[PDB]
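This document starts with two versions of one protein chain, written out as structure tokens and named structure 1 and structure 2.
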Structure 1
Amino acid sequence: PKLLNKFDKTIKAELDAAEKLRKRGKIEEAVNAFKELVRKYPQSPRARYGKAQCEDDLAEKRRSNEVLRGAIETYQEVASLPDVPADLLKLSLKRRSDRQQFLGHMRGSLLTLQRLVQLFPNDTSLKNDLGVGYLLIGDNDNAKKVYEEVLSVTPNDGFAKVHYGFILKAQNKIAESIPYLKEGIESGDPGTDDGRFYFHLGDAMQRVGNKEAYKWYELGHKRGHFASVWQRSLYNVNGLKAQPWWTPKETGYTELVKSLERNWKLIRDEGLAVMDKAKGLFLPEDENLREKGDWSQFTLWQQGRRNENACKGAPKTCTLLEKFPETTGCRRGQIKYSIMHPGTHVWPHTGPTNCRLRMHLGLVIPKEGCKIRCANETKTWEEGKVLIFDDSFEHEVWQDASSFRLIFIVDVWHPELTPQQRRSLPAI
């Protein structure tokens, strides 16, 4: 990596001295040394990059977003200087984009990634990085165009393949997605050994009836992406007790279960009142988890945040649930009514995280036709009774009754998570 232009070679002794302070962990002294070099040599790209790298380390030491914001600007400054070597220009803007993403400055990262592609139009990896930037802002359409361009010049780029396949699968182009995800994982290219691509390749195969799916789940388990073939969540705290079905006593949340079952009819009646008088509060399921049929949800809590308008529609239910922070405070779960109609089949799937358990309270359950499989075990609901499963295990639902089926879904923190972990885990 050639990082020194003509002038920087002449001041290499000063540049090396400041960098040695950084490598020895004397970050404060290293920042001031590179700051002095920037003051004395304001056009040196290596001095500016050293300042930015030191600010980068200082932000890690202080855990300061604001210090990192200064580093992000100094990386940009490197690129504006005259006579910047190409390798240093790429490193500086790539680190700038990376740190922008870390801070959640996704639009800024996109501008930086777009500048990189304009400056280095033949660098396929930079286009791949741009595609990631679009995916992180939710722009699947522009991401798809980026990976199409990559695959036109380098058809066997495994990173582009798995990301192109991921987008196809997200767009419900299930059969089309399989060879891209498969060949991309099989390429072994850097960035392809990723649990997300194992997860969606196996799921796409299950949706088309390809029996090879579980061979890929087994390989993902053996490579450390999944806790097991059955439990395939990717946002995990390791060591939590892993079992598909739970009893109320096993969870320890017996007071919550008792209150749900003692008061189930008020929960039912408010749900029915919304069905009859405010049905627009039930929103269609929006994660492509249905093969067919009608499934809608009316959500009272999500990410540990109460929906005030939603609670106007079920005020007694919300009042009841407020006494149980084990569910209202579960920032990796929801509290919601779930209605499912006949002719509905929910694809086998897994939730995102092993940090929650999922309670189902039966509200209106037809006598026949409704059932839920979790792992290798199938059960059914009962009116006024709570079922508890770990939805990080693969589960699947059928509705073949002659009338609607209404349940109440109550997520709780995994009972073995300490209060310290329940406070510091990012919301999902």
Structure 2
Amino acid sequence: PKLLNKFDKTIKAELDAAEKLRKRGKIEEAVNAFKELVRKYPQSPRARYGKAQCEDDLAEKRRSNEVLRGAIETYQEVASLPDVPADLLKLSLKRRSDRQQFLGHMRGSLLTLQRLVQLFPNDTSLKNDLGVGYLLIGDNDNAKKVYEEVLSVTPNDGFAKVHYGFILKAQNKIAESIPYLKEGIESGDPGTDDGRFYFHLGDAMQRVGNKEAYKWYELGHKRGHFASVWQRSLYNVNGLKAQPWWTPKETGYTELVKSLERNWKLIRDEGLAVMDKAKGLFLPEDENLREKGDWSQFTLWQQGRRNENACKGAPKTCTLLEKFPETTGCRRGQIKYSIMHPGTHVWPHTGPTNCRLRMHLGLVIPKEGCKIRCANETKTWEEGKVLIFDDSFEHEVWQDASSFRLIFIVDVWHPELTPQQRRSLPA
């Protein structure tokens, strides 16, 4: 790196020393070092970069946002100093942009990336990063405009390609997006080996019915992005038994299964009564996972918090679940009624965590046409009986019956999580 300017050049013995007290883990000595040099050598750009770098790490150690803000201003100050090395300038502002992104000053970071591109119009790597600035604030139109400029000069930049495909996919151009995602990943370009882009590729493919997408999930696994080709949840705890379908006995939560099966008509009636007397408390489910049809849910507990307004509506049922904190205390689950109507298709998808099991109590199940697949096994519900699967495995759902299907969904902690784990995990 061209990081010693003439202005700064002639202090290297002193400059280098500050670098040693930092590199030795004595940033406190090191921070205070450079500061004097700012006093002593005020215009040195390298004297001001190091300052920022000291307090940047000083912020890492103290884990302090406020301190880090200090460093962000100081990285900037480098850029004001006159007669600065280009290599050094780039370094300080790139880091500023990133530390700003870290703290969530997304538009502030975008503003810095805008500068960096004015100052290095032939650095396509910075144009790439600018595109990310735009995505991070929601301006996909300008992000699209950026990757098109890159790709017009750099036809084969895979970073630009995978982001370009993301963007297309996000504008509902699913099929156009797939070759971009494939080519950008295949390039192995830096930044393309990202779990996010296998996810969107395989999704897109699944949504255009191309079978080749499991190949890509399987690769994401062998790259470490997915627990397996089927188990693709993000927030995971290692060493939890991973199987798609479970039985009551296998989970140990047999008392819960029994309360549910045995009082099932009561659970049904209180949901059926909400459909009648307050249809509005069923909200539509994920429009993103709903290919077509009518699919709605009525939540009682979300992430171990009882919706108090909802237990007024189905009171005995809430009373029943109070006896079972493996579910009501599942900070990584919900407890909800779910109604699917004819002509509904739920795209393949997985849940966010392997730290819960999903139980489904059948309440109103048409005698034909409702099925659910989890990994390679497809099954159907029975009124009054309970299914259990690990919704961190890809699952998919169809409603091709002639009347409505109502179920009751009940998340439990994954049975192998210990008490201290259940207490400590964030939701």
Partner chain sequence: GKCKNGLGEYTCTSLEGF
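Please note that residue numbering is based on structure 1, beginning with 1 at the start of its sequence.
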Chain form solved in complex with its partner chain, by structure number: 1
Rigid-body rotation between the two structures - hinge position, chosen from 92, 226, 298, 59: 226
Smaller-part rotation in degrees, where the chain is treated as two rigid parts between the two structures: 17
